[PDB]
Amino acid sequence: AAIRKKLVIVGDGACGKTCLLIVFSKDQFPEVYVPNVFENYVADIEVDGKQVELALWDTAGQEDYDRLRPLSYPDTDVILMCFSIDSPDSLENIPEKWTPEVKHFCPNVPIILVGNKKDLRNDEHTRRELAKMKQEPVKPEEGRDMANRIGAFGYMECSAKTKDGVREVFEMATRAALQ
């Protein structure tokens, strides 16, 4: 058979949680638009000789849904805490909003720190429009340091557009859930 495991993805709005889930679950990145389809994400994956069915739960990161997010948290096996490489502000919120919330509602549940939109670290337009706000894209050491500070199980970068690192992200989440 297969082992059933629950994954919940959290993080600031616009950092790419939904696209990442779609890329992993359906192996499709929405280049043009996101159709008004039925949202359901379940994926079979084989890790370390086992086969696991991951139920991916999306959340709204905006404060509007601050009070509703906790309905998704029960019985969670693994948490993907996300930030966008092209949003230092997104990374700075990891320990301001997400860490206490995840601790309060999912005690002892392993956290994987995911840095999304890897393909924008070297993007020209990104660097240009980040220089205006006197900022620069997130360095991997910045992310790795934050994983250790928050006590995350692991750190991984990915790009949902290129599918680079997506498999690694979910494989690491699966290993964390099985542990």
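Heads up: residue numbers just count along the shown sequence, starting at 1.
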- Comparing 128-136 with 66-74, the one whose average Cα B-factor in the PDB entry is higher: 128-136
- Using the B-factor values recorded in the entry, state whether the Cα atom of residue 153 falls in the lowest, middle or highest third among the modelled residues of its chain. lowest
- Divide the modelled residues of the chain into thirds by Cα B-factor and specify which third, lowest, middle or highest, holds residue 8. lowest
- Task: Using the B-factors in the PDB entry, rank residue 59's C-alpha atom against the chain and give the third, lowest, middle or highest.
- Result: middle
- Task: Select lowest, middle or highest to describe the third in which the CA B-factor of residue 113 falls within its chain in this entry.
- Result: lowest
- residue 41 CA temperature factor, ranked by third within the chain: highest
